[PDB]
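None of the figures in this text is laboratory data; all of them are computed from the coordinates on show. Neighbour counts are summed over all protein chains in view; Cβ atoms, including those assigned to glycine, are modelled from backbone coordinates with ideal geometry.
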Amino acid sequence: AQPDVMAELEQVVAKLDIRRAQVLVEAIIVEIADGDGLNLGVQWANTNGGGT
Amino acid sequence: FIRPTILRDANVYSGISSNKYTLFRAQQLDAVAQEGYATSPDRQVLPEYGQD
C-alpha cells in the first residue's frame, strides 16, 4: 500500500501482534452420593387359621 | 421454585461461591467424622478456599 497506509498498517499490526496472555483454568467437580434402603417384613402362615 | 441472585461485581461472587465451597467442604468434613467412627472406609475432602 501507499507509504501513508504502510505506516497505518504498521500500527494495526503492532497492536494486533500483542503477546496474547495465557490462562490456567482449574475446574473442580465434587460429587457425593449415598442413601439407605430398608426392607423389613414379617409373614405368619398357619395351616389351621390362615397365612399372610 | 426458582431463586435468582445477581452478582454485580466479583467480590459478591467470591462470597456466594465461598459459602457453597465451604458448605460443601463442611459437608465432606462431617462425612469424615462418621466414616472415622465406622472405621475401614475413606471419604476424601476438598481443601480450604484458595489453598489448592
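Using alpha-carbon pairs under 8 Å, 6+ residues apart, how would you state the relative contact order of chain B in percent?
Working: 21 pairs, mean separation 16.8, N = 52.
Relative contact order comes out at 32 percent.
Arrange the following residues from fewest to most other Cβ atoms within 10 Å of their Cβ: B:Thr5, B:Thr22.
Exposure proxy ranking, most exposed first: B:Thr5, B:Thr22.
Would you calculate a helix-derived [θ] at 222 nm for chain A, using -39,500 (n - 2.57) for each DSSP H run of n ≥ 4 and dividing by the full residue count, to the nearest 500?
-8500 deg cm²/dmol
With unit charges on the beta carbon (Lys/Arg positive, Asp/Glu negative), name the residue among B:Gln28, B:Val45, B:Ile2 whose Cα is farthest towards the positive pole of the charge dipole of chain B.
B:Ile2
Determine, from the Cβ-Cβ distance of A:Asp36 and B:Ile2 and an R0 of 35 Å, the FRET efficiency 1/(1 + (r/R0)^6), rounded to the nearest 0.05. Numbers along the way, then the final one.
Working: r = 30 Å, r/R0 = 0.86.
Given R0 = 35 Å and the Cβ-Cβ separation, E is 0.70.
Cut-off is 10 Å between beta-carbons; in what order do B:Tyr37, B:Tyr49 appear when sorted fewest neighbours first?
Ranking B:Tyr37, B:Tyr49 by Cβ neighbours within 10 Å, fewest first, gives B:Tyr37, B:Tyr49.
Using the charge dipole of chain A (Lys, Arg: +1 at Cβ; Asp, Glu: -1 at Cβ; taken about the Cα centre), state which of A:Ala45, A:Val5, A:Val23 has its Cα farthest towards the positive end.
Projecting each Cα onto the dipole axis, the largest value belongs to A:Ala45.
Is the shape of chain B best called rounded, prolate or oblate, per the rule: a/c under 1.5 gives rounded, else a/b larger than b/c gives prolate, else oblate, with a ≥ b ≥ c the square roots of the Cα gyration tensor eigenvalues? Each step should come with its number before you reach the end.
Details: a/c = 5.03, a/b = 2.16, b/c = 2.33.
Verdict is oblate for chain B.
Calculate the translational D of the protein assembly as shown in whole µm² s⁻¹ from Stokes-Einstein, where the hydrodynamic radius comes from the Kirkwood formula applied to all Cα pairs, the temperature is 37 °C and the viscosity 0.692 mPa s.
153 µm²/s
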